[PDB]
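All remarks here apply to the structure that follows.
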Amino acid sequence: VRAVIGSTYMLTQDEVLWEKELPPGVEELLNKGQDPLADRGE
Amino acid sequence: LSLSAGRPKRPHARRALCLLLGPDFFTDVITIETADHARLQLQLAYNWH
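Sequences listed follow chains C and C', in order. A prime marks a further copy of an entry chain.
Going by the entry's author numbering, 414 is the number at position 17 of the first sequence; the sequence numbering is gapless.
Going by the entry's author numbering, 511 is the number at position 14 of the second sequence; the sequence numbering is gapless.
Below, the structure is given as structure tokens:
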């Protein structure tokens, strides 16, 4: 499993999409960190 | 910018997309106490830039 990044891409033969799984609570911190201002305040 | 505003300047009471950098003032209410143990509050104004 690798990460293809950049141009548009067509998965060739023998390629399938791999899901990346995250530890509990990291996913709630990824999206809040776009503007976590008032949270950072208190 | 999450900034402070209010009477006694509570924090995070204002949101700003720009930084005000011109000559201006903001006022605050400050409660102090003298060496005679008499408590008395103040009203100030801080001209800044």
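For every residue, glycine included, the Cβ atom is placed at its ideal position computed from N, Cα and C.
With distances taken Cα to Cα, identify the nearest neighbour of residue i among the options.
i	options	result
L516(C')	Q540(C'), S501(C'), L541(C')	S501(C')
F523(C')	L498(C'), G503(C'), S499(C')	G503(C')
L414(C)	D436(C), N428(C), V398(C), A435(C)	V398(C)
In the DSSP assignment, the alpha helix (DSSP H) including residue i goes from what residue to what residue?
i	result
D436(C)	434-438
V413(C)	It is not in any alpha helix (DSSP H) - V413(C) carries neither H nor E in the DSSP assignment.
Between residue i and chain C', is there a C-beta pair that is closer than 9 Å?
i	result
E439(C)	yes
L408(C)	no
For a cutoff of 9 Å on Cβ pairs, would you count residue i as touching chain C?
i	result
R504(C')	no
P520(C')	no
Looking at chain B, is there any beta carbon in it that lies within less than 9 Å of the beta carbon of residue i?
i	result
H534(C')	This model lacks chain B altogether; the protein chains it does include are C and C'.
To which residues does DSSP link residue i through a beta bridge?
i	result
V526(C')	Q540(C')
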